[PDB]
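Participant: Structure file upload.cif (mmCIF, N, CA and C atoms and all ligand atoms) right here:
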data_data
loop_
_atom_site.label_atom_id
_atom_site.label_comp_id
_atom_site.auth_asym_id
_atom_site.auth_seq_id
_atom_site.Cartn_x
_atom_site.Cartn_y
_atom_site.Cartn_z
N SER Y 42 60.82 -91.00 14.69
CA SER Y 42 59.79 -90.21 15.36
C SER Y 42 58.62 -89.85 14.45
N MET Y 43 57.43 -89.78 15.03
CA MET Y 43 56.26 -89.26 14.34
C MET Y 43 56.39 -87.74 14.23
N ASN Y 44 55.52 -87.12 13.44
CA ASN Y 44 55.39 -85.67 13.45
C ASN Y 44 54.63 -85.25 14.71
N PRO Y 45 54.88 -84.02 15.21
CA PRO Y 45 54.02 -83.52 16.29
C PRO Y 45 52.64 -83.21 15.74
N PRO Y 46 51.65 -83.08 16.63
CA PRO Y 46 50.37 -82.56 16.16
C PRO Y 46 50.56 -81.12 15.66
N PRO Y 47 49.72 -80.69 14.72
CA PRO Y 47 49.83 -79.32 14.21
C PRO Y 47 49.39 -78.31 15.26
N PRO Y 48 49.71 -77.02 15.04
CA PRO Y 48 49.27 -76.02 16.01
C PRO Y 48 47.74 -75.96 16.03
N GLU Y 49 47.17 -75.71 17.20
CA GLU Y 49 45.72 -75.61 17.31
C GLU Y 49 45.17 -74.50 16.40
N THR Y 50 43.98 -74.71 15.85
CA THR Y 50 43.32 -73.69 15.03
C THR Y 50 41.97 -73.30 15.64
N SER Y 51 41.64 -73.93 16.76
CA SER Y 51 40.52 -73.53 17.59
C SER Y 51 40.82 -73.93 19.04
N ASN Y 52 40.19 -73.25 19.99
CA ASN Y 52 40.42 -73.49 21.40
C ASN Y 52 39.21 -73.00 22.18
N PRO Y 53 38.45 -73.93 22.78
CA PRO Y 53 37.18 -73.56 23.42
C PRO Y 53 37.36 -72.64 24.63
N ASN Y 54 38.59 -72.54 25.13
CA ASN Y 54 38.91 -71.70 26.28
C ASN Y 54 39.41 -70.30 25.95
N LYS Y 55 39.56 -70.00 24.66
CA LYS Y 55 40.19 -68.75 24.24
C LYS Y 55 39.18 -67.79 23.60
N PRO Y 56 38.91 -66.64 24.25
CA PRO Y 56 37.95 -65.71 23.65
C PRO Y 56 38.34 -65.30 22.24
N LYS Y 57 37.33 -65.11 21.41
CA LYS Y 57 37.56 -64.81 20.00
C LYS Y 57 36.68 -63.66 19.50
N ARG Y 58 37.15 -62.96 18.48
CA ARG Y 58 36.34 -61.93 17.86
C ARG Y 58 36.80 -61.67 16.44
N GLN Y 59 36.01 -60.87 15.73
CA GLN Y 59 36.34 -60.46 14.38
C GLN Y 59 36.55 -58.94 14.42
N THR Y 60 37.65 -58.46 13.86
CA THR Y 60 37.89 -57.02 13.80
C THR Y 60 38.23 -56.64 12.36
N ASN Y 61 38.19 -55.34 12.05
CA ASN Y 61 38.54 -54.91 10.70
C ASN Y 61 39.98 -55.28 10.35
N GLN Y 62 40.88 -55.19 11.32
CA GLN Y 62 42.29 -55.46 11.06
C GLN Y 62 42.48 -56.95 10.80
N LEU Y 63 41.77 -57.78 11.56
CA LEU Y 63 41.82 -59.23 11.32
C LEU Y 63 41.22 -59.63 9.97
N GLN Y 64 40.14 -58.96 9.55
CA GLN Y 64 39.58 -59.23 8.22
C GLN Y 64 40.60 -58.88 7.13
N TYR Y 65 41.25 -57.73 7.28
CA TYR Y 65 42.32 -57.32 6.35
C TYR Y 65 43.45 -58.36 6.27
N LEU Y 66 43.85 -58.89 7.43
CA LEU Y 66 44.90 -59.90 7.47
C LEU Y 66 44.52 -61.12 6.64
N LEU Y 67 43.24 -61.51 6.69
CA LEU Y 67 42.77 -62.65 5.89
C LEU Y 67 42.58 -62.31 4.41
N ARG Y 68 41.85 -61.23 4.14
CA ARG Y 68 41.38 -60.95 2.78
C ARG Y 68 42.42 -60.28 1.88
N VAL Y 69 43.45 -59.69 2.49
CA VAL Y 69 44.49 -59.00 1.75
C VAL Y 69 45.86 -59.60 2.02
N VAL Y 70 46.29 -59.59 3.28
CA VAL Y 70 47.65 -60.04 3.60
C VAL Y 70 47.86 -61.52 3.29
N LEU Y 71 47.09 -62.39 3.94
CA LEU Y 71 47.23 -63.83 3.72
C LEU Y 71 46.92 -64.20 2.26
N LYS Y 72 45.88 -63.59 1.70
CA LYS Y 72 45.52 -63.87 0.32
C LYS Y 72 46.68 -63.57 -0.64
N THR Y 73 47.30 -62.41 -0.46
CA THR Y 73 48.43 -62.01 -1.31
C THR Y 73 49.62 -62.97 -1.19
N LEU Y 74 49.98 -63.32 0.03
CA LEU Y 74 51.09 -64.24 0.24
C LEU Y 74 50.77 -65.63 -0.30
N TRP Y 75 49.54 -66.09 -0.10
CA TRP Y 75 49.16 -67.45 -0.47
C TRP Y 75 49.32 -67.69 -1.97
N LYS Y 76 49.14 -66.63 -2.76
CA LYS Y 76 49.18 -66.75 -4.22
C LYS Y 76 50.58 -66.51 -4.81
N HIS Y 77 51.52 -66.13 -3.96
CA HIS Y 77 52.89 -65.87 -4.41
C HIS Y 77 53.59 -67.13 -4.91
N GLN Y 78 54.48 -66.97 -5.88
CA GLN Y 78 55.24 -68.11 -6.41
C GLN Y 78 56.00 -68.91 -5.35
N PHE Y 79 56.42 -68.24 -4.27
CA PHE Y 79 57.19 -68.89 -3.21
C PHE Y 79 56.35 -69.40 -2.03
N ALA Y 80 55.02 -69.40 -2.17
CA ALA Y 80 54.17 -69.78 -1.03
C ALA Y 80 54.22 -71.26 -0.67
N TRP Y 81 54.43 -72.10 -1.68
CA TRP Y 81 54.23 -73.55 -1.50
C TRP Y 81 54.91 -74.23 -0.28
N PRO Y 82 56.16 -73.87 0.07
CA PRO Y 82 56.75 -74.57 1.22
C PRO Y 82 56.09 -74.19 2.54
N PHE Y 83 55.33 -73.09 2.53
CA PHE Y 83 54.78 -72.51 3.75
C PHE Y 83 53.27 -72.71 3.88
N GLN Y 84 52.68 -73.43 2.94
CA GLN Y 84 51.22 -73.60 2.92
C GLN Y 84 50.69 -74.69 3.86
N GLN Y 85 51.61 -75.41 4.49
CA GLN Y 85 51.25 -76.50 5.40
C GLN Y 85 52.37 -76.73 6.41
N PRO Y 86 52.06 -77.38 7.54
CA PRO Y 86 53.12 -77.66 8.52
C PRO Y 86 54.29 -78.45 7.91
N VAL Y 87 55.49 -78.25 8.44
CA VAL Y 87 56.62 -79.05 8.00
C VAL Y 87 56.35 -80.53 8.32
N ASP Y 88 56.26 -81.36 7.28
CA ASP Y 88 56.17 -82.81 7.49
C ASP Y 88 57.59 -83.37 7.55
N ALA Y 89 58.13 -83.45 8.75
CA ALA Y 89 59.53 -83.84 8.95
C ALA Y 89 59.77 -85.31 8.59
N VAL Y 90 58.73 -86.13 8.67
CA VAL Y 90 58.85 -87.52 8.25
C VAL Y 90 59.06 -87.62 6.74
N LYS Y 91 58.16 -87.00 5.97
CA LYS Y 91 58.26 -87.01 4.52
C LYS Y 91 59.52 -86.33 3.98
N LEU Y 92 59.97 -85.28 4.65
CA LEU Y 92 61.15 -84.54 4.19
C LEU Y 92 62.45 -85.13 4.72
N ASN Y 93 62.32 -86.20 5.50
CA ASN Y 93 63.47 -86.84 6.13
C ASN Y 93 64.31 -85.84 6.93
N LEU Y 94 63.66 -85.15 7.85
CA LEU Y 94 64.31 -84.18 8.73
C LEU Y 94 64.06 -84.58 10.19
N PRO Y 95 64.73 -85.65 10.64
CA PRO Y 95 64.49 -86.14 12.00
C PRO Y 95 64.82 -85.12 13.08
N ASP Y 96 65.57 -84.07 12.75
CA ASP Y 96 65.96 -83.11 13.76
C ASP Y 96 65.17 -81.80 13.70
N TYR Y 97 64.28 -81.67 12.71
CA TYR Y 97 63.52 -80.43 12.57
C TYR Y 97 62.80 -80.04 13.86
N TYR Y 98 62.04 -80.96 14.45
CA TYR Y 98 61.30 -80.64 15.68
C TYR Y 98 62.11 -80.81 16.98
N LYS Y 99 63.40 -81.12 16.85
CA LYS Y 99 64.33 -80.99 17.96
C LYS Y 99 64.83 -79.54 18.02
N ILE Y 100 64.88 -78.89 16.86
CA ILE Y 100 65.39 -77.52 16.76
C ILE Y 100 64.29 -76.45 16.81
N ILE Y 101 63.18 -76.74 16.14
CA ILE Y 101 62.04 -75.84 16.05
C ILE Y 101 60.94 -76.33 16.99
N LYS Y 102 60.77 -75.64 18.11
CA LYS Y 102 59.77 -76.02 19.11
C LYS Y 102 58.52 -75.16 19.05
N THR Y 103 58.55 -74.09 18.25
CA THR Y 103 57.34 -73.29 18.01
C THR Y 103 57.03 -73.22 16.51
N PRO Y 104 56.60 -74.34 15.92
CA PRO Y 104 56.33 -74.36 14.48
C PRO Y 104 55.12 -73.52 14.12
N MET Y 105 55.15 -72.96 12.91
CA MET Y 105 54.01 -72.23 12.39
C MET Y 105 54.09 -72.20 10.86
N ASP Y 106 52.93 -72.14 10.22
CA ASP Y 106 52.85 -72.15 8.77
C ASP Y 106 51.60 -71.38 8.34
N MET Y 107 51.53 -71.01 7.07
CA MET Y 107 50.39 -70.27 6.55
C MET Y 107 49.09 -71.05 6.48
N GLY Y 108 49.16 -72.38 6.42
CA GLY Y 108 47.95 -73.19 6.42
C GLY Y 108 47.25 -73.03 7.75
N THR Y 109 48.05 -73.05 8.81
CA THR Y 109 47.55 -72.89 10.17
C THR Y 109 47.00 -71.47 10.38
N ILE Y 110 47.74 -70.48 9.91
CA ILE Y 110 47.29 -69.08 10.02
C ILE Y 110 45.98 -68.87 9.26
N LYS Y 111 45.90 -69.43 8.06
CA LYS Y 111 44.68 -69.35 7.26
C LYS Y 111 43.47 -69.93 7.99
N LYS Y 112 43.63 -71.12 8.58
CA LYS Y 112 42.53 -71.74 9.32
C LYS Y 112 42.17 -70.91 10.55
N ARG Y 113 43.19 -70.42 11.26
CA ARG Y 113 42.97 -69.57 12.44
C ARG Y 113 42.14 -68.33 12.09
N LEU Y 114 42.50 -67.67 10.99
CA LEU Y 114 41.75 -66.49 10.54
C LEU Y 114 40.32 -66.85 10.13
N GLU Y 115 40.16 -67.91 9.34
CA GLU Y 115 38.84 -68.40 8.93
C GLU Y 115 37.98 -68.82 10.13
N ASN Y 116 38.62 -69.27 11.20
CA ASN Y 116 37.91 -69.72 12.39
C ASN Y 116 37.65 -68.61 13.41
N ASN Y 117 38.10 -67.39 13.11
CA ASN Y 117 38.08 -66.29 14.07
C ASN Y 117 38.70 -66.69 15.41
N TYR Y 118 39.89 -67.28 15.33
CA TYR Y 118 40.58 -67.84 16.49
C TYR Y 118 41.22 -66.75 17.35
N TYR Y 119 41.63 -65.65 16.71
CA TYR Y 119 42.39 -64.60 17.40
C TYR Y 119 41.52 -63.56 18.11
N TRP Y 120 42.12 -62.85 19.07
CA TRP Y 120 41.46 -61.70 19.69
C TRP Y 120 42.00 -60.43 19.08
N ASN Y 121 43.27 -60.42 18.72
CA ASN Y 121 43.81 -59.23 18.06
C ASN Y 121 44.76 -59.49 16.89
N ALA Y 122 45.00 -58.45 16.12
CA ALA Y 122 45.85 -58.55 14.94
C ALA Y 122 47.32 -58.84 15.28
N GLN Y 123 47.81 -58.37 16.42
CA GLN Y 123 49.24 -58.58 16.73
C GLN Y 123 49.54 -60.06 16.97
N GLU Y 124 48.56 -60.80 17.48
CA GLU Y 124 48.68 -62.25 17.60
C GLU Y 124 48.94 -62.91 16.25
N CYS Y 125 48.24 -62.46 15.22
CA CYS Y 125 48.35 -63.07 13.90
C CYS Y 125 49.67 -62.66 13.26
N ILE Y 126 50.00 -61.38 13.37
CA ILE Y 126 51.31 -60.90 12.93
C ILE Y 126 52.44 -61.72 13.56
N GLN Y 127 52.33 -61.99 14.86
CA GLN Y 127 53.32 -62.82 15.54
C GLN Y 127 53.44 -64.21 14.91
N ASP Y 128 52.32 -64.82 14.54
CA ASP Y 128 52.35 -66.13 13.86
C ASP Y 128 53.17 -66.08 12.55
N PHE Y 129 52.93 -65.07 11.71
CA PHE Y 129 53.75 -64.88 10.50
C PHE Y 129 55.24 -64.75 10.83
N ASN Y 130 55.55 -63.91 11.81
CA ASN Y 130 56.95 -63.70 12.21
C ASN Y 130 57.61 -64.96 12.77
N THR Y 131 56.85 -65.75 13.52
CA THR Y 131 57.33 -67.06 13.99
C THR Y 131 57.69 -67.97 12.81
N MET Y 132 56.80 -68.02 11.82
CA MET Y 132 57.04 -68.81 10.62
C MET Y 132 58.35 -68.40 9.92
N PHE Y 133 58.55 -67.10 9.72
CA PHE Y 133 59.78 -66.63 9.06
C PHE Y 133 61.02 -66.94 9.91
N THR Y 134 60.94 -66.63 11.20
CA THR Y 134 62.08 -66.82 12.10
C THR Y 134 62.48 -68.30 12.17
N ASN Y 135 61.50 -69.20 12.20
CA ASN Y 135 61.79 -70.63 12.18
C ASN Y 135 62.66 -71.04 10.99
N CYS Y 136 62.28 -70.54 9.82
CA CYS Y 136 63.04 -70.78 8.60
C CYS Y 136 64.48 -70.25 8.74
N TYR Y 137 64.63 -69.04 9.27
CA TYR Y 137 65.98 -68.48 9.45
C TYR Y 137 66.82 -69.25 10.46
N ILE Y 138 66.17 -69.76 11.50
CA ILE Y 138 66.84 -70.53 12.54
C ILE Y 138 67.36 -71.88 12.03
N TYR Y 139 66.50 -72.64 11.36
CA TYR Y 139 66.87 -73.99 10.96
C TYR Y 139 67.89 -73.97 9.82
N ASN Y 140 67.70 -73.04 8.89
CA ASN Y 140 68.54 -72.97 7.70
C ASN Y 140 69.69 -71.98 7.87
N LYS Y 141 70.43 -71.73 6.80
CA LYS Y 141 71.58 -70.85 6.88
C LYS Y 141 71.39 -69.68 5.92
N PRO Y 142 72.05 -68.54 6.21
CA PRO Y 142 71.92 -67.34 5.38
C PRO Y 142 72.21 -67.64 3.91
N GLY Y 143 71.34 -67.17 3.03
CA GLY Y 143 71.56 -67.37 1.61
C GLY Y 143 71.02 -68.68 1.03
N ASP Y 144 70.55 -69.60 1.89
CA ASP Y 144 69.92 -70.83 1.41
C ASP Y 144 68.71 -70.49 0.52
N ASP Y 145 68.37 -71.39 -0.42
CA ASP Y 145 67.25 -71.14 -1.34
C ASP Y 145 65.97 -70.82 -0.54
N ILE Y 146 65.70 -71.62 0.49
CA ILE Y 146 64.44 -71.46 1.23
C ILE Y 146 64.47 -70.20 2.08
N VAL Y 147 65.66 -69.79 2.51
CA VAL Y 147 65.80 -68.55 3.25
C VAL Y 147 65.51 -67.35 2.34
N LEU Y 148 66.04 -67.35 1.11
CA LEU Y 148 65.71 -66.26 0.17
C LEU Y 148 64.21 -66.17 -0.14
N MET Y 149 63.57 -67.34 -0.24
CA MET Y 149 62.12 -67.42 -0.47
C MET Y 149 61.37 -66.79 0.69
N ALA Y 150 61.74 -67.17 1.92
CA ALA Y 150 61.15 -66.58 3.12
C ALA Y 150 61.36 -65.07 3.19
N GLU Y 151 62.56 -64.61 2.84
CA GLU Y 151 62.85 -63.18 2.87
C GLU Y 151 61.99 -62.39 1.87
N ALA Y 152 61.77 -62.97 0.70
CA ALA Y 152 60.91 -62.34 -0.30
C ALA Y 152 59.47 -62.23 0.23
N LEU Y 153 58.97 -63.32 0.80
CA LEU Y 153 57.62 -63.33 1.39
C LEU Y 153 57.52 -62.34 2.54
N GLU Y 154 58.56 -62.25 3.36
CA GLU Y 154 58.54 -61.36 4.52
C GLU Y 154 58.47 -59.90 4.07
N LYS Y 155 59.24 -59.56 3.04
CA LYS Y 155 59.21 -58.20 2.49
C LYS Y 155 57.80 -57.82 2.02
N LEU Y 156 57.17 -58.74 1.30
CA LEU Y 156 55.82 -58.53 0.81
C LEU Y 156 54.81 -58.43 1.95
N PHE Y 157 54.98 -59.27 2.97
CA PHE Y 157 54.12 -59.25 4.17
C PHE Y 157 54.15 -57.86 4.81
N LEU Y 158 55.35 -57.33 5.03
CA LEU Y 158 55.49 -56.01 5.66
C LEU Y 158 54.90 -54.90 4.79
N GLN Y 159 55.06 -55.00 3.47
CA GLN Y 159 54.43 -54.04 2.57
C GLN Y 159 52.91 -54.05 2.74
N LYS Y 160 52.32 -55.24 2.82
CA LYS Y 160 50.86 -55.35 2.90
C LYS Y 160 50.35 -54.86 4.26
N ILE Y 161 51.12 -55.15 5.31
CA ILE Y 161 50.79 -54.65 6.63
C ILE Y 161 50.81 -53.12 6.65
N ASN Y 162 51.85 -52.54 6.06
CA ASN Y 162 51.97 -51.08 6.00
C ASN Y 162 50.80 -50.43 5.26
N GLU Y 163 50.23 -51.15 4.31
CA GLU Y 163 49.17 -50.62 3.44
C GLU Y 163 47.80 -50.59 4.10
N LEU Y 164 47.70 -51.16 5.30
CA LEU Y 164 46.42 -51.18 6.02
C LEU Y 164 45.84 -49.77 6.18
N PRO Y 165 44.65 -49.52 5.59
CA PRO Y 165 44.06 -48.17 5.56
C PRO Y 165 43.52 -47.75 6.92
N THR Y 166 43.71 -46.49 7.28
CA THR Y 166 43.23 -45.99 8.56
C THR Y 166 41.76 -45.59 8.45
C1 LIG Y 201 54.37 -79.30 -0.14
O1 LIG Y 201 55.62 -79.13 0.53
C2 LIG Y 201 56.81 -79.47 -0.07
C3 LIG Y 201 56.88 -80.02 -1.35
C4 LIG Y 201 58.13 -80.35 -1.91
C5 LIG Y 201 58.18 -80.92 -3.31
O2 LIG Y 201 58.74 -81.99 -3.51
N1 LIG Y 201 57.61 -80.26 -4.32
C6 LIG Y 201 57.43 -78.81 -4.28
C7 LIG Y 201 56.13 -78.44 -4.99
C8 LIG Y 201 56.18 -78.79 -6.47
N2 LIG Y 201 56.48 -77.61 -7.31
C9 LIG Y 201 56.32 -77.95 -8.74
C10 LIG Y 201 56.71 -76.75 -9.61
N3 LIG Y 201 55.85 -75.59 -9.28
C11 LIG Y 201 56.26 -74.43 -10.09
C12 LIG Y 201 55.96 -75.26 -7.84
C13 LIG Y 201 55.58 -76.48 -7.00
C14 LIG Y 201 57.24 -79.87 -6.65
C15 LIG Y 201 57.17 -80.93 -5.55
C16 LIG Y 201 59.30 -80.14 -1.17
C17 LIG Y 201 59.27 -79.60 0.13
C18 LIG Y 201 58.05 -79.24 0.71
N4 LIG Y 201 57.87 -78.73 1.96
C19 LIG Y 201 58.65 -77.87 2.67
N5 LIG Y 201 58.12 -77.15 3.68
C20 LIG Y 201 58.83 -76.28 4.42
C21 LIG Y 201 60.20 -76.11 4.17
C22 LIG Y 201 60.76 -76.91 3.05
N6 LIG Y 201 59.96 -77.76 2.38
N7 LIG Y 201 62.09 -76.97 2.67
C23 LIG Y 201 62.46 -77.19 1.26
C24 LIG Y 201 63.78 -76.54 0.85
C25 LIG Y 201 63.05 -75.89 -0.33
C26 LIG Y 201 61.70 -76.33 0.25
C27 LIG Y 201 63.01 -77.19 3.71
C28 LIG Y 201 63.91 -78.24 3.53
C29 LIG Y 201 64.83 -78.57 4.53
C30 LIG Y 201 64.85 -77.90 5.75
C31 LIG Y 201 63.96 -76.86 6.00
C32 LIG Y 201 63.02 -76.49 5.04
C33 LIG Y 201 62.13 -75.35 5.41
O3 LIG Y 201 62.59 -74.54 6.19
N8 LIG Y 201 60.90 -75.18 4.94
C34 LIG Y 201 60.17 -73.93 5.20
#
I need this file expressed as C-alpha cells, please.

Facilitator:
Amino acid sequence: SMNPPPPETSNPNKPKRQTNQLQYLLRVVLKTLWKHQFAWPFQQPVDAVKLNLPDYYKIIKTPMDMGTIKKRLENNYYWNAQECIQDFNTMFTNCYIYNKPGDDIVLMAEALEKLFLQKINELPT
C-alpha cells in the first residue's frame, strides 16, 4: 500500500482567524515542543512505507503530527484554540493506541505531553 495523503493544512471552505490564544500555541507551545530532544518522530506524518508498517493506517485512521499542526498554525487554518489542542491530543493518543505501555516511543510521547500541558497551563490571562 501507498501512504495516505497527509492531513489538510488549508481548506477553502473553512472559516479562519487569528487569535491571541492561537498565536501563543504557535509561538510558545509548538515552538517549545518542536525543539525538544524527543520531537523528531513527531515532526512529520508517519511514513508507513519507509518504516515498514503496513498496518499503521489500518489501525490509525485519524493521523496527526506536529509538522501538520505547525503548517496549520502558520496558515491560520483554525477558528479556535481547542481545535489545535485536539490535534496535539490526537497525535499523542495515536501513539498510545498503536504502541504498548512503556515502549520507547510511548515514553517519548508522554514526556512531550507533560510539557505540552505545562505550556498550555502557562497561557497568560
Ligand atoms: C524522521 O522520522 C524517523 C526517523 C527515524 C530514524 O531512522 N532516525 C531518527 C532520527 C535520527 N536521530 C539521530 C540522533 N539524533 C540525536 C536524533 C535524531 C536517526 C535516524 C526513525 C523513525 C522515524 N519516524 C517515526 N515517526 C513516528 C513514530 C516512529 N518513528 N516510531 C519509531 C519508534 C521510535 C521512533 C514508531 C515505530 C513503530 C511504530 C510506531 C511508531 C510511532 O508511533 N511513531 C510516533

Participant: Could you build a table of the residues in chain Y lying no more than 6.5 Å from ligand LIG 201 (chain Y), giving for each the nearest pair of atoms and their separation in Å rounded to one decimal place, using all atoms listed in the file, ordered by chain and ascending residue number, as a tab-separated table?

Facilitator:
residue	atom	partner	partner_atom	distance
Y:81	C	Y:LIG201	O1	5.0
Y:82	C	Y:LIG201	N5	3.8
Y:83	N	Y:LIG201	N5	5.1
Y:85	C	Y:LIG201	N5	6.4
Y:86	C	Y:LIG201	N5	5.9
Y:87	CA	Y:LIG201	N5	5.0
Y:88	N	Y:LIG201	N5	5.8
Y:135	C	Y:LIG201	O3	5.9
Y:136	CA	Y:LIG201	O3	4.5
Y:139	C	Y:LIG201	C31	6.2
Y:140	N	Y:LIG201	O3	6.0
Y:145	C	Y:LIG201	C25	5.9
Y:146	CA	Y:LIG201	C25	4.9

Participant: Leaving out residue 109 (chain Y) and any residue of its chain fewer than 3 positions from it, which residues lie within 6 Å of it when counting only N, CA and C atoms, given as an mmCIF file with N, CA and C atoms, keeping the file's coordinate frame?

Facilitator:
data_model
loop_
_atom_site.group_PDB
_atom_site.id
_atom_site.type_symbol
_atom_site.label_atom_id
_atom_site.label_comp_id
_atom_site.auth_asym_id
_atom_site.auth_seq_id
_atom_site.Cartn_x
_atom_site.Cartn_y
_atom_site.Cartn_z
ATOM 1 N N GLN Y 84 52.680 -73.430 2.940
ATOM 2 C CA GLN Y 84 51.220 -73.600 2.920
ATOM 3 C C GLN Y 84 50.690 -74.690 3.860
ATOM 4 N N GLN Y 85 51.610 -75.410 4.490
ATOM 5 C CA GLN Y 85 51.250 -76.500 5.400
ATOM 6 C C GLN Y 85 52.370 -76.730 6.410
ATOM 7 N N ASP Y 106 52.930 -72.140 10.220
ATOM 8 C CA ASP Y 106 52.850 -72.150 8.770
ATOM 9 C C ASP Y 106 51.600 -71.380 8.340
ATOM 10 N N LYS Y 112 43.630 -71.120 8.580
ATOM 11 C CA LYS Y 112 42.530 -71.740 9.320
ATOM 12 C C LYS Y 112 42.170 -70.910 10.550
ATOM 13 N N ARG Y 113 43.190 -70.420 11.260
ATOM 14 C CA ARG Y 113 42.970 -69.570 12.440
ATOM 15 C C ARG Y 113 42.140 -68.330 12.090
ATOM 16 N N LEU Y 114 42.500 -67.670 10.990
ATOM 17 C CA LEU Y 114 41.750 -66.490 10.540
ATOM 18 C C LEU Y 114 40.320 -66.850 10.130
#

Participant: Can you tell me how far atom C of residue 149 (chain Y) sits from atom N of residue 122 (chain Y), in Å to one decimal?

Facilitator: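 Those two atoms sit 24.0 Å apart.
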
Participant: May I ask for the distance between atom C of residue 120 (chain Y) and atom C of residue 57 (chain Y), given in Å to one decimal place?

Facilitator: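 Atom-to-atom, atom C of residue 120 (chain Y) and atom C of residue 57 (chain Y) are spaced 6.2 Å apart.
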
Participant: Name all residues at most 10 Å from residue 51 (chain Y) (count only C-alpha atoms; drop same-chain ones fewer than 3 positions away) and give them as a list in words.

Facilitator: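 Residues meeting the cut-off are residues 48, 54, 55, 57, 112, 113, 116, 117, 118 and 119 of chain Y.
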
Participant: Would you put the residues from that selection into a file with N, CA and C atoms, as a CSV table (one decimal), keeping the file's coordinate frame?

Facilitator:
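Heads up, here's the output in part-v5.csv:
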chain,number,residue,atom,x,y,z
Y,48,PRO,N,49.7,-77.0,15.0
Y,48,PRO,CA,49.3,-76.0,16.0
Y,48,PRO,C,47.7,-76.0,16.0
Y,54,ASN,N,38.6,-72.5,25.1
Y,54,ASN,CA,38.9,-71.7,26.3
Y,54,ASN,C,39.4,-70.3,26.0
Y,55,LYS,N,39.6,-70.0,24.7
Y,55,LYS,CA,40.2,-68.8,24.2
Y,55,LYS,C,39.2,-67.8,23.6
Y,57,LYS,N,37.3,-65.1,21.4
Y,57,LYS,CA,37.6,-64.8,20.0
Y,57,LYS,C,36.7,-63.7,19.5
Y,112,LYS,N,43.6,-71.1,8.6
Y,112,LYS,CA,42.5,-71.7,9.3
Y,112,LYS,C,42.2,-70.9,10.6
Y,113,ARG,N,43.2,-70.4,11.3
Y,113,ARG,CA,43.0,-69.6,12.4
Y,113,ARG,C,42.1,-68.3,12.1
Y,116,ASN,N,38.6,-69.3,11.2
Y,116,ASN,CA,37.9,-69.7,12.4
Y,116,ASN,C,37.6,-68.6,13.4
Y,117,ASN,N,38.1,-67.4,13.1
Y,117,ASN,CA,38.1,-66.3,14.1
Y,117,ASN,C,38.7,-66.7,15.4
Y,118,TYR,N,39.9,-67.3,15.3
Y,118,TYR,CA,40.6,-67.8,16.5
Y,118,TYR,C,41.2,-66.8,17.4
Y,119,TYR,N,41.6,-65.6,16.7
Y,119,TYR,CA,42.4,-64.6,17.4
Y,119,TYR,C,41.5,-63.6,18.1

Participant: Which residue gives the smallest distance to residue 110 (chain Y) among Y:131, Y:155, Y:161, Y:147, with only C-alpha atoms counted?

Facilitator: Y:131

Participant: For residue 126 (chain Y), which of Y:43, Y:66, Y:100, Y:77 is the closest residue, counting all atoms listed in the file?

Facilitator: Y:66
